[PDB]
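I'd like to ask some things about the structure below.
The chains carry the letters A, B, C, D, E and F, assigned in the order they are written, with residues numbered from 1 in each.
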Amino acid sequence: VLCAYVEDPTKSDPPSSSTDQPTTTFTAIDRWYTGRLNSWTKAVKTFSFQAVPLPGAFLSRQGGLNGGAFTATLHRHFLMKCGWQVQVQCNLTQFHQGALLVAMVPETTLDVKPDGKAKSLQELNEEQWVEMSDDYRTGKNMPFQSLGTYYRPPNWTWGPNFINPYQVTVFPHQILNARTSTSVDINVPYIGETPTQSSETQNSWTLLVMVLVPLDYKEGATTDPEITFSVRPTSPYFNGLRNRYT
Amino acid sequence: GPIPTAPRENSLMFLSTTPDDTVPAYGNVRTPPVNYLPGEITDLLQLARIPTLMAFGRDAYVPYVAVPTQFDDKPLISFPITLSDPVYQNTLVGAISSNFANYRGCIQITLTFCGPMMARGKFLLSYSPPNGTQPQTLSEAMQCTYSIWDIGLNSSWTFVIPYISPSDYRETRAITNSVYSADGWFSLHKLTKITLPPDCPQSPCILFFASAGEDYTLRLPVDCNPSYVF
Amino acid sequence: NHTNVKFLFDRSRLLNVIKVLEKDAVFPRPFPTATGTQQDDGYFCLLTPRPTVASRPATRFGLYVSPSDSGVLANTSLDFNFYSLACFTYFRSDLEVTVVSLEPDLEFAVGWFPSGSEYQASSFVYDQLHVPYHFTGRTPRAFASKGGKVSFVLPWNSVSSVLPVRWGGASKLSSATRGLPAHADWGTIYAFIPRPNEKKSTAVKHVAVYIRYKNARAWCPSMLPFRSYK
Amino acid sequence: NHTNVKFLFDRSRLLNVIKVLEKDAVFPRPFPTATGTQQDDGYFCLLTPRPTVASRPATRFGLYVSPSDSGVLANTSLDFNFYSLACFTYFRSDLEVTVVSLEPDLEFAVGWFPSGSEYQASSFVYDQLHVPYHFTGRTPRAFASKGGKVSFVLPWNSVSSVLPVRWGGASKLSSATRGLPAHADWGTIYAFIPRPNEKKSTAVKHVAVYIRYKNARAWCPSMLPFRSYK
Amino acid sequence: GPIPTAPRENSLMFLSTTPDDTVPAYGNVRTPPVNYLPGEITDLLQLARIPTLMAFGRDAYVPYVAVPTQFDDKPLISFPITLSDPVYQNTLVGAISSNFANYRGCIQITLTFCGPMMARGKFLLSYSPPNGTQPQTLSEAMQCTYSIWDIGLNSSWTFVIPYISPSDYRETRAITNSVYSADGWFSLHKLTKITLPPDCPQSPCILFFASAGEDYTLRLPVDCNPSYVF
Amino acid sequence: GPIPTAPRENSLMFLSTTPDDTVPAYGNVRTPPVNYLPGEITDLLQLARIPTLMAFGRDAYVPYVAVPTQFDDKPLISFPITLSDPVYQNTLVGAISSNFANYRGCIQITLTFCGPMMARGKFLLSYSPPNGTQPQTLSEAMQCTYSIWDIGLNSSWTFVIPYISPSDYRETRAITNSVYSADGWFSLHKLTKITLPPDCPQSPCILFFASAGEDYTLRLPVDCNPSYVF
């Protein structure tokens, strides 16, 4: 289990940006949350990633990722502060070759259409794998500001939420090789610009499954392995109790 | 001989807030003593903690809230908790703290029921965190942080508004300050319908204050708004 | 401790933009002033956060909205950054004056005379040149370099124990001397070009006067000015 | 230890070349800005290594390739020497600002207002001269000599604990506020010639803003920008 | 009296990398604490040692090396060991170290055989010193520094490239850097012909990394290449 | 407050030979070690003491002196002892010491008889003090300071030229340097007629050197003659 930046990412003090008691728990905290993720085929090119934003996946239900009573606790508290623990499985047989890169990317906008707002659930099914184009390498698709008719719109050539695709192994990562393992185990603590961020609008981590070596299998052999994942928050600290988000 | 000094790049620069003295011109002056004056303000947090009146639109604004006898499932008053909001311009919280840049602490709304003596009833006092839509229903008020104020022995309730924020300090002149909207909402709801005795006036008035908690702290003095003088 | 009174008022801020003397001045005659009095107006900076008019302490503060031609306009000064954070009644501190030039490459010089004293207004003929009597004196006449800044710290010189931020008595007898303290000032300064009167130029050179309150002490908690709701 | 993070970012580098104010400014109105808004553009340097546009924090960085006539061009700043060596996500440091003149023998002056505060945009009529309200204030307005350089070290003032080099959340609500931190800045500076508005000249004087990150601390290892293969 | 100081020849000089502080303008600020963030980068050699992907021309480059089934007496891939070479532009060795001037240490190529599980074979990993002509023959590869990597338990081999240099440090942005040409050549040779089982794909892929050794040290920060932003 | 410093009259003066440091710009550099190099020149008097060849006009000059078989009462060679004389331009005495201003010590002419082995004879080595006329006769050579060099075991004689001077140091680029003329005269005289064996060549050659004594000291570095480069 690839722990991140500490020996124990479960250790977490309550936030110092609150005056109330944090809701440290909810009705099922020792259970996982399993969701689908798109299958990996031969036509997937190199570096074609697929991002699962946390906790952006519990809300939009990316791949049937039902949050149970964690989404219904996240909607009833304003500030949320947890460390994640993902587990991507993919049934790599002996008959496959290739290597996924499962990482937990801090603070990126990879679920954002390089041309608009936020992605839907149908548009995650049409493309199935986000190709590493010039936009995602240069960060040219994090959402541009509406400057207005007064200012002449500048030629946006760079944005600091890029992916350098050759450097994704700096993150907490395990390579899902064809002949070492079949599943990864990443456990990350809380990070953020504040001691606790918001609930509806935070993206402090991002599960990221990137194809480093394209899948090749013989015809008639085992075909097209499915990718699952299992997100589970470790020691959350919910602050600011209010009613359900509108 | 001479001490060889290399003067820096900011030489002959008068900076306004330089934390250092200057040459005394007319020294050796014995000032007359000030031991006789009582109440020396050492710190201006001695006056943010003093409860001062708020204002309410119904330039003739009203420090109290009228209490109509109509029982209803909507707040009797609900103002947002922002220190740039115009229900705090003429307090001593929102007038001291507006001339600074950051705050941290608990606003302490002191209530005072100015109705007749034989009134009996309950009030609900729901502070909400900043949500996407302001809470209106009393059912939406119970689920937030609340405290039930009875007209019993408590004709004066000091509801401590908590400090829940994703940063250690808050921008003190900003409408938004945070995620989407308006930083919170205090809301005085009436819980049971208020029994006012006859031959005692209907529609009482609740008088609101705004002090600061004991842990209220301010930071970064800025140049103030000089538009009090026009 | 950014709300500390000794820390909050211990920073430089603008007070007045006064004109620089180029001859032996005539100090502004006390109120009321009839027409036809030949004098020198607005050349003196009465060093006080309280409102002034014609370099003398004033009751109210008054600016001009439509400054038409008839009459002599009056240099009215006020410390805008003070009263918005002056939630107190009395305030004793040692003043630190900085006189920044508003003329490109000006060689000026800053006189001073204490609280209660008066300007020495004549001239002695040195070498067939009218050298005025404000080049000499027992009070600090600091001299600036060509393009430099005059800075010195003045003590609490006045005969009052403290400076009343708010005052309600009467200095002289009543009928429009209510709320007008007489001895609430650190003195008065004035800028003069250190050349004799036959080298008086034609341009009217201004200069700006800054103020830092060293060792601020405030007493008797009081109000803050009323912010409008428009 | 030349790869030391406290050593590597502890050196001066260019951020922005901003224009010097010669009147009371109008701070750039927030996005989106419709045409016909009379304001003052590019006079303010939002002190942040992150990309800016119109002196406000931006998501992306954008320069101009063919700057034609229609529209108002926008001062977009970026710290080129930072992001090429910023292999991390968060970065808290105390800023050291140095403002070097790009005009021969310029007497300028550098204002500042903290992270979350705002520019004071009006003018008071001192001695029939429009002196603006950025000559005064509780924030540092350092004054330069004729041909000198303004230098001071600013603290980590913002309400965020750290500055996100990479940020993925939403400051306000979504739909094009993703990846746009609101409180990631040491403040904003601006240069102004210390003369009143009737002495506004005709030339458009520029000035350059340097930056040194004192006591750099970096967290959460992340990527470096993509170098092309052409 | 005054201390007689003789100012030096570099007076009023703002140097960018002066190893000394400056005047604090807005001091006494308590920053919010950053104890909660894990993983503080004290030193940027904590990220040169993290293995990141390399690039290979076959702007769509490839991190792996395809392994054709044709046995041949020429290298399967052979890239030169120069930190300005475009197989290192998007690593964290060659992207951190390109913004410096000198390096000293051992590049550590971590291999990863991404072929099927029942593959059996050997690979030869020959680092050559900088010779006048690049080694191609496997006989020319055995005579250099080599290590035989079997596809056994070792599906991941970290070949430490030695540091052999006539100077203590090396120019880190230079094609030549030394005597005649190209600073060395890593070369992954296939030693025995690779037995891939049927109904398992032919032509496997070997994935290359590029970390730095534990003794890797850098020196002399230079102004970076700002051409990542266009 | 500020330390009151009065800068001296040589302020902002870059003097070339100021015995003091300056501001480091690019500090914290670990240089590569130089322990491996042998023979560190700590002092350039380690090379004035190394015997180097002289020159003699008979730009093709001759380091030796031919010895004709004609016995004669006049010196075989007699050059003046002046370190500006052109028999010392290409030594290491007269090339190091010409770039200085003063010397003090003993020039040490090392002879070497390069004739055949079975030569037998005597030589007289007369240093003269500076007289009004150069000594020529061998009778005029015996009365000065002399030493008789035999071709016996001594095929190499080091005649220490004494230091006799009316001042502690001598001008090292001056023809005169003293009272009337030319500072002295070394003169190798032949004393007995030299027996050279037949079938061994007549006219042998004596090879002259010029080192410095152990007490040789130099003073006052001057700007050198840059006419070696044209």
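Assorted remarks:
Definition applied: a residue touches a chain if its C-beta (ideal position, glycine included) is under 8 Å from a C-beta of that chain, and two chains touch if they have at least 3 such contacts.
Any chain touching subunit C that also touches subunit F appears here: B, D, E. Of the two interfaces, A-E and D-E, the higher number of touching C-beta pairs belongs to D-E. In this entry, E-F is the pair from B-F or E-F that repeats the interface of B-E, since more than half of their contact pairs coincide by residue number. Once CA atoms are averaged chain by chain and compared with the all-protein CA average, the nearest chain turns out to be D.
Distance from the subunit C centre to the subunit E centre is 68 Å, each centre being the mean of its Cα atoms. Our note on geometry: subunit A versus subunit B, Cα centroid distance of 40 Å, whole angstroms. Separating the centre of subunit A from that of subunit F, both taken as means of CA atoms, is a distance of 83 Å. Our note on geometry: subunit A versus subunit D, Cα centroid distance of 33 Å, whole angstroms. Shown for subunit B are the residues in touch with two or more other chains, namely 2-6, 8-12, 14-17, 21-23, 99, 132, 167-169, 179-180, 219-221, 223-227. In subunit A, the residues touching two or more other chains are 5, 16, 157-158, 164-165, 167-168, 170, 191-192, 194-195, 197-198, 201.
In subunit C, the positions touching at least two other chains are 1-2, 8, 11, 13, 63, 80-81, 100, 149. If you check each pair of chains against the touch rule, the ones that pass are A-B, A-D, A-E, B-C, B-D, B-E, B-F, C-D, C-E, D-E, D-F, E-F.
By the touch criterion stated above, subunit C contacts subunit B in their complex at residues 1-6, 8, 11-13, 61, 63, 78, 80-81, 83-85, 87-88, 90, 92, 96, 98, 100, 112, 114, 139-140, 142, 148-149, 151-157, 159-162, 210, 214, 217-221, 224-230. Listing the residues of subunit D that touch subunit B in their complex gives 98, 113-118, 120, 122, 124, 133-134, 136-145, 148-152, 157-161, 170-173, 182-183. Within the complex formed with subunit C, the residues of subunit D that make contact are 107, 124-129, 131, 133, 135-138, 143, 145-146, 194-196. Against subunit B, the residues of subunit E that register as touching in their complex are 3-8, 10-15, 22-27, 29-30, 32-33. Within the complex formed with subunit C, the subunit E residues making contact are 28-29.
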